[PDB]
Amino acid sequence: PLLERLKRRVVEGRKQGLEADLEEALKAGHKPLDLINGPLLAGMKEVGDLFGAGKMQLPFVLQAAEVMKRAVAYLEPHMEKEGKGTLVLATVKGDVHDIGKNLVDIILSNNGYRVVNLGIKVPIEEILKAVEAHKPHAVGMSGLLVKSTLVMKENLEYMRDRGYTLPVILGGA
Amino acid sequence: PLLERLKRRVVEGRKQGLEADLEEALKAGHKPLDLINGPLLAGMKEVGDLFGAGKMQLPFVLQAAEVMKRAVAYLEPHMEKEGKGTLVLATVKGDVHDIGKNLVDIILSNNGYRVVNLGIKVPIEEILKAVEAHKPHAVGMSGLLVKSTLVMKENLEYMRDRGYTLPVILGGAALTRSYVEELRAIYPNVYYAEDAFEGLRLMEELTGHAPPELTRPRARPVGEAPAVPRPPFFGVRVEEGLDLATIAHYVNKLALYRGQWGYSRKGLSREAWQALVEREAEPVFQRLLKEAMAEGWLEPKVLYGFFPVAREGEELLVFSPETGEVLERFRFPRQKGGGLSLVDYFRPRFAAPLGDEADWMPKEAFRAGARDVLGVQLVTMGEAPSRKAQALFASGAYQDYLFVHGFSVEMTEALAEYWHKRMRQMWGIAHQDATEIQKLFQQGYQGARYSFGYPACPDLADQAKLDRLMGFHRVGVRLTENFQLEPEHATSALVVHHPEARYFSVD
Amino acid sequence: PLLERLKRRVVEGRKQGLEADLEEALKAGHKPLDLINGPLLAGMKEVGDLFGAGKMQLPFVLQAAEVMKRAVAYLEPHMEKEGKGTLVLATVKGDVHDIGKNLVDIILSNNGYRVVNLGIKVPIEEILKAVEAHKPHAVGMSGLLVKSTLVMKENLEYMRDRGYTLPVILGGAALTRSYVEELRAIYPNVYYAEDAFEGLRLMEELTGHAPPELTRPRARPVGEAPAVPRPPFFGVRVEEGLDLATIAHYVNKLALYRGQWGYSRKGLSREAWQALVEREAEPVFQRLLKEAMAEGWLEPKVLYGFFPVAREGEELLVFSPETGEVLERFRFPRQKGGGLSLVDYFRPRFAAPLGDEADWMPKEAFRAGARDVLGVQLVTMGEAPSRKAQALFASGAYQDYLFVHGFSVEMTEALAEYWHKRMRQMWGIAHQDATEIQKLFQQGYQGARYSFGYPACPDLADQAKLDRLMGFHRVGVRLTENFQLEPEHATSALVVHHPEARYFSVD
Amino acid sequence: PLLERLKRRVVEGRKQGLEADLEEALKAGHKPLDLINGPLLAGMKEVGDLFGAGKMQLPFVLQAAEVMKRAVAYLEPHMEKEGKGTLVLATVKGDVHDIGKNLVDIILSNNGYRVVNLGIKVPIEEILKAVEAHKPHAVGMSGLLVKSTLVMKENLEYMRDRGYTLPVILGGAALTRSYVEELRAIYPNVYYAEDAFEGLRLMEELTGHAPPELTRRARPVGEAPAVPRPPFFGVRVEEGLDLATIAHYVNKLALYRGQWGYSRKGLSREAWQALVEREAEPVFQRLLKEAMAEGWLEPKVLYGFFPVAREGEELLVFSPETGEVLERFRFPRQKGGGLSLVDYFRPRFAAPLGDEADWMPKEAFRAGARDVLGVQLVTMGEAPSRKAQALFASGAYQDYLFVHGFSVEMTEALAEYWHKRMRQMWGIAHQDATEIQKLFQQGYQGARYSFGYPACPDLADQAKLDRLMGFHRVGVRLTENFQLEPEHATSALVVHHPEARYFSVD
Ligand code: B12
Ligand code: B12
Ligand code: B12
């Protein structure tokens, strides 16, 4: 069917002829939010399984995310929308390095979570203002250097002192 | 490397960025004929393997040939010319049909053989003058109709009488394998070719690039009809000024996509076929209608009418509406052991009238004994599509050459079908027509149309009798000496009202 | 393990190190019969599956059988035996041809059936004595020519008259499937075998090791010739002392590699075939030439000549050069509905001479009315290659048996071809010969040679008329009761000068 | 084709009909070097992949190398010749052990590298003379014992002091990965090799044919029942030993799995039993028939008993004749005052348990000796070492493997057999095992402690044992790293105490 074909276009990373197949499938009788959480997300889920096992390489994972991002862009006019949960994601104060943080943003966003990317050199005052506004499931913090981890610690001390109990996912080189 | 990329460009059919990649390969130190007989020809051989196995469809084969033809055109200034061998290729005397011949030309030329295309209506005098000049490995001859095969025979008799022993590759719609084997009597070195790729294999074997393989009643008895239906008039009138959009609704989309364009339906689902039609087949059909309407390269005409007729034994007489005298007589063939004939759908001469037909049957004809009414139509799409197609083939758009041909042909058939509907309405026998367009192709209507040449009425020289009645000049149609219609995109038919009339084979 | 290694040795055909691996397996505690009916026969059955599917070629099948035969020879002193079933196998009375029969023997024996090979020229008296002694599951009979099938019929009539009901597997070159089905009239339990592997499957079903399946308008008229060419002499002379190197240039390498040795070409490229020839086919051909020259197991002889002839109606008369009296007449068959015959290539009796042939035609013959010249050749390679092959088969070199047979056969054909060239030169009709050796096999020369038995002149009893003219003893050749040439590697031909003469089929 | 057939002959290990197939390929057109660098080396690399994945066992790997070695020998007359690179390979100064080094030689040589095998007891002066001559890609050094690793360190100190920087691949039984990483201090370009195939991968990376990867706790011991009395005091020879009787004590798993590399695990018990019957057992049966008839095992034993005592942490050994203390052994104790070997010995001047004063040597007992220690040295002579070097030289690499491991496990079997015999003599064989299989589980009274093992690990105490026993008397010699020469020889201290079993200080 066309359901298996939309899953295929994610896993292979085939953009050219996608907008034709999306326009066709609504007519087959599935809604915009339907196809997103169905074959496409399994295709993405499948690409996650493949990369986990070392059978797909990282340039094709991001080629899959390009297809998913382009699918959601085509289906956004039809929708008047509310993902699986939110991550407020920032690089720490005194750090300019944004490849790891932005890689998280790509994977989470194209797996149906909401990512509020706050950029670089973000102090904890700004991060917790975002947590109040959005009310996410977790906070993310990216560093580079070991002095960036020391800022992350001061930020956890700040967060407990204010009385946040929300999960803090830390990552960094 | 870039060697594998030039092979890839042929097999995928990618023209955009070709002339960059050719220019890069020459500076990298590769000679013109090096690339030509190297990766490019390897690409065109792979496409032949794929088409042989049914993994590439014919529109992409001709898309590959476009790339190869465009490569050779770019490398011709650098080269100072001389292929693998030569075919002198012609359509026979009294024949105008050039799609098969030109399909051979495309495949052989882009597989590195030389093709000397001599055109249409080519006599054997002209063909053998070319054989003297070029000294080819083989001579090729394309027909259409069975009278074109009888010319091919006379040509082999001519060629043996002159003392040619060179291989003669024959191909054609009407030409069969069985018949070419019986022609080995006259000229032993004669080979049949079912398609262009059979023609390529023959040319491979004949030039030594292959191992020799190819080279070595109890039925329903006649019923009286309900009534003699009354025509709008008697005699024959012209009709131009027909909407191409109305005719396009009668196109047999499978006969066009599978039959003519070679888009394979077999091997995949009906949702998989439906998706191919939406993506590939339908938008090409939609583009060529917009074009043919705006550019004016289909010119639909119709010549049509009705006549007082009768059966007298095995002959169908045709009476003049004005004089009542017998104009033509058709002796149609009957099936084995009594069996069915077309004359069996017509009332006998001086038959006691079924209804009130003496009220309206032409006075003179009815006194002469005419008791039934026969419909006749010629349709045509003009010389224009033939011209448009020769333009594309000449410029080297071989894909579009294919598409535009088949479109024109199936649009011509669609007009015969549309006008049949219209011939029923006029006659007043369109009470029982199909609700869908799809069920008109299975004869979902009263009576039927019998074109001359088909088994029921197969003598093509009866088309001269039909022109004497109708006047084919009146829509720019001409008969050749092999009784083909000129232009090629035209089809005559006898329109029968009798409800029991359906198609049958004498052979 | 070593069990898988003994299976491997059969399928790959590795005899070097076999007797070590057999000795190791028995001391490991494996009995002789355990090995025979086990790891080995599994190997030989896999090779049968592979050959059935076209993944192993016939020179490696017989290389497998060499290993199996050598294994059983090593294990026979230890054993005191007893196969799966017995075939009594013979070549028929009045036939000397033993490659097919011996190929059956090799395949069946190395697949665990017992074969009682009775040799050549075996009458049914002798065959049925063997059936009484051994009490086999089936009788086998091999022929060559169509007169050998007529003996097989008389043998089935003999066998039913005696009251044998045992299955009779018939095979042969001339024997067809259609004919063996008509023989089920006489003897219902008769089966055709296209190859040895069909013979194995029959023997499987008949011994219960298999699911029963097998067991249940146009012509060209011939014109007068340009002139009557003059022969070097009239009558027949011998020629010995022919270079085998010169003859080897006329060998049809495909007919040898594909046709005889069973090296498959099809399904691979022409560069892939060319590489196989270089590695496998060509060095074997090169070895057997060096051998046949040094060891002297081809003895090329030729008996050849020319005669004053005429057509008188449908009979080709042959006049004596010395007396002028009619020696033989040949009534040759004509194609259906008065088509072509061989007599049509010969001038009529008392025909007014084309040129100045009365200057040189034998005085007596020409007064008697002879007006044309017929050439005749017999070639032979002697009893020697038949002897050499029987040696190899007996010693168990089944691969070399295959190679040496086909070599001898295709070298015999090459001599007929070489000598035809030489027969043209002598006659003075070699102006128009081929530039390549490859185009002599396409009849690239004036006239043609018609061997008796082929469709044009198929009566094999006319070979006795040819021996009365030529004297076949003069190159050690004899006719049997079924009109076969002894030795088997010999071929007669009628050599025609007329330029319009090419090959045709009455059937 | 014949190209795929020459590859097949390597991977299956089929030498019979090889020289026919080589002669056919070259007269067909192929060049010797072309065949060397192609189908043959492709074969040997596939066998390396298989062994890497655990699908081909070590006796067939060396059967593949036999074919490759025999191919190159046949094509050497045709060639007028330069491997992929060179390893200069030696066993260290004061070491005679050459099975590991020669196993490296076989694998590397038959994978198209050049190996300059310098033999045994090779000093660094000699090794670096070879490095100057040949200019190799790497230097290899094989040891056995931990004293051989200490020489390897001094060699790296020598090599850096001279200013060599080229890679040093170290391997050895006693050598560990952890130690070679600490040696990168002295000589940074030093790599450990667990097996020959690790040695091949290093040589691949170092010659550029691979991506840089590798290259970047008590119980109390109580008093004994009694002091058992020995047949005599002092040390005697025994040479009249049946090889058939010793063969009953061979640890067939240690031989088949441990030495020959026939893997058991991942198959059934009936599948292993069938492999033993077909492959392992008839080789064991062949080499016994050979070793008996050809005489290439010469079993000797030096054995005896001594008056001893504990004096604190020292085990004194008294003279049977003079009573004076000849040797003292300070054995190590487990962490935080756990077990020592001295704890199996009665204290000096201990009040006798039974009537040992009746028979203990008068002088020794007055000097205070109160317990009896047994001692044995076994050996199979220089003969098996010679037989193995013959096979390796001839190129029978499979038989080289088999004959080595046989000799080694037959040497251990003799230590075990003679232990049984040492119990009987002593009169402590009431409680022996009914099967031979349960003697490997220590199914007997007391235990034997070989020097070098954790309990008693100072190998320089083997010189104290030679001063007592006289190793020359069975043709055995100590080297400067305290190795027994010949290599197929093993000393043990034979303890009577029933509570004595094996323990680790580390
Ligand atoms: C569509 C079609 C038409 C079109 C004609 C368009 C055209 N001429 O291409 C239309 C609808 C207009 C039509 C009309 C008629 N038709 Co019409 N037509 C067909 C149809 C259904 C398919 C034609 C087609 O497109 N073939 C594909 C082309 C490309 O194939 P091809 O030309 O044979 O070429 C291939 C091979 O033969 C080979 N080849 C050809 N020549 C050569 C030469 C060489 C050297 C080599 C190597 C290879 C080679 O190469 C090609 C493949 O690569 C056929 C059925 C059939 N063919 O079996 C009937 C058929 C040809 N028509 C027939 C007839 C009866 C008629 C009419 C006489 C109707 C009437 N007026 O009474 C007319 C004739 C046309 C005319 N102009 O006079 C008959 C002929 C009967 C006979 N001879 O006795 C056929 C055979 C139908 C039948 N089943 O009996 N028709
Ligand atoms: C090469 C050949 C020759 C060789 C003969 C040597 C030989 N026989 O091996 C040569 C070049 C010398 C030659 C000469 C002639 N030829 Co010639 N020749 C051929 C050819 C091309 C191939 C024969 C061949 O060797 N096949 C391979 C062998 C192994 O096949 P086989 O014998 O049939 O056996 C197979 C099966 O039948 C089966 N089988 C056979 N017997 C049995 C029995 C049992 C129980 C079982 C289970 C299976 C079995 O096993 C084999 C496969 O595994 C054939 C064409 C053909 N066969 O279609 C003509 C053919 C046999 N030739 C023929 C003739 C005319 C001639 C001559 C008479 C020419 C002349 N003198 O005028 C002579 C005959 C020779 C003679 N001594 O009299 C004719 C016979 C026609 C007829 N009888 O009327 C044939 C059929 C050609 C034709 N198409 O008409 N020929
Ligand atoms: C067999 C053996 C014996 C033999 C030793 C002599 C021999 N092999 O001929 C016998 C049965 C005689 C015995 C006795 C002894 N042994 Co012991 N024995 C072993 C045993 C059980 C197995 C070793 C083996 O089979 N090696 C076979 C060869 C092929 O392996 P290898 O030398 O390791 O080589 C491999 C790799 O290291 C690599 N490699 C080696 N060198 C190099 C170099 C390079 C450049 C490369 C790339 C690779 C490389 O290649 C090989 C694989 O391909 C070990 C246990 C162990 N290893 O865990 C103890 C062991 C060697 N024994 C040891 C000792 C104590 C002794 C004795 C001193 C006992 C005594 N007398 O008191 C004697 C000494 C023998 C003598 N001649 O001096 C100790 C050493 C302790 C120490 N150094 O402090 C060990 C480690 C036992 C232990 N677990 O503690 N034993």
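Residue numbers (the entry's author numbering), protein chains in the order written: chain F, 663 to 743, 746 to 837; chain C, 663 to 743, 746 to 880, 895 to 1185; chain E, 663 to 743, 746 to 880, 895 to 1185; chain D, 663 to 743, 746 to 880, 896 to 1185.
Just so you know, even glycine gets a beta-carbon here, dropped at the ideal spot from N, CA and C.
query                                                                                                                                                                             : result
Quick one, which residues of the segment 844-856 of chain C are near chain E if we go by CB-CB under 7 Å, in chain order?                                                         : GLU846, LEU847, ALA849, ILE850 and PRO852
Within the same chain, show all residues whose beta-carbon is closer than 7 Å to that of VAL779/C, passing over the 5 residues directly before and after it, in chain order.      : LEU751, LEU753, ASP769, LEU772 and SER773
Contact criterion: CB-CB distance below 8 Å. Does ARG1049/C meet it with respect to chain F?                                                                                      : no
Just checking, does the segment 914-931 of chain C make contact with the segment 968-986 of chain C on the three C-beta pairs under 8 Å criterion?                                : yes
Suppose contacts are defined by Cβ-Cβ distances below 8 Å. Is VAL987/D in contact with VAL929/D by that definition?                                                               : no
For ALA897/E, go through chain C and note every residue whose CB falls closer than 7 Å to its CB, in chain order.                                                                 : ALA849
Taking the straight line between their C-alpha atoms, what separation do you get for residue 744/C and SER1019/C?                                                                 : For residue 744/C, no position is available: the coordinates of chain C end at 743 and pick up again at 746.
Below 8 Å, how does it come out for the segment 789-805 of chain E and the segment 754-763 of chain E: are there three or more Cβ pairs, yes or no?                               : yes
Following a CB-centred definition, is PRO1136/E positioned closer than 7 Å to any heavy atom of ligand 2?                                                                         : yes
Could you confirm whether any beta carbon from chain C is found closer than 8 Å to the beta carbon of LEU814/E?                                                                   : no
Would you mind sorting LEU695/F into buried or exposed? The rule is 16 or more other CB atoms within 10 Å of its CB.                                                              : exposed
Can the beta-carbon of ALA1030/D be found closer than 8 Å to that of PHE997/D?                                                                                                    : no
Scan the segment 858-877 of chain C for residues whose Cβ lies nearer than 8 Å to a Cβ of chain E and list them as they occur along the chain.                                    : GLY872, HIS873, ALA874 and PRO875
Which of the three DSSP states, helix, strand or coil, is assigned to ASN781/D?                                                                                                   : strand
Output needed in chain order: residues of the segment 923-944 of chain E with a Cβ under 9 Å from some Cβ in chain C.                                                             : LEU932, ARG936, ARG943 and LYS944
Just to confirm, does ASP859/E get its C-beta within under 7 Å of one of the non-hydrogen atoms of ligand 2?                                                                      : yes
When you compare the segment 1164-1175 of chain E with the segment 866-878 of chain E, are there three or more beta-carbon pairs, one atom per stretch, that lie closer than 8 Å? : no
Hey, quick one: how far does the alpha helix (DSSP H) through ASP711/C stretch, first residue to last?                                                                            : 703-715
Check whether the Cβ atoms of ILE850/E and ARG824/E sit closer than 8 Å, and answer yes or no.                                                                                    : yes
Is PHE1071/E near ligand 3, in the sense that its beta carbon is under 7 Å from a heavy atom of that ligand?                                                                      : no
Buried or exposed: where does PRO663/F fall if 16 or more other Cβ atoms within 10 Å of its Cβ makes it buried?                                                                   : exposed
Between which two residues does the alpha helix (DSSP H) containing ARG1027/D stretch?                                                                                            : Per DSSP, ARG1027/D belongs to no alpha helix (DSSP H) and is neither H nor E.
Please list the partners that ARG824/C has in chain E, where partner means a Cβ-to-Cβ separation under 9 Å.                                                                       : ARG898
Have a look at the DSSP bridge pairing and note the partners of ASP1050/C.                                                                                                        : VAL987/C
Name the DSSP beta bridge partners of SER773/E, please?                                                                                                                           : Answer is none; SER773/E lacks a bridge partner.
Measure the C-alpha to C-alpha separation of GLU685/C and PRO739/C and round it to an integer number of angstroms.                                                                : 12 Å
Could you pull out every residue in the same chain whose Cβ sits closer than 7 Å to the Cβ of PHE1071/E, ignoring the five residues on either side in sequence?                   : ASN766 and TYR1079
Given that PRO663/F touches chain C, what residues does it touch there, using C-beta distances under 7 Å?                                                                         : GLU949
Who does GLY836/D pair with in a DSSP beta bridge?                                                                                                                                : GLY807/D
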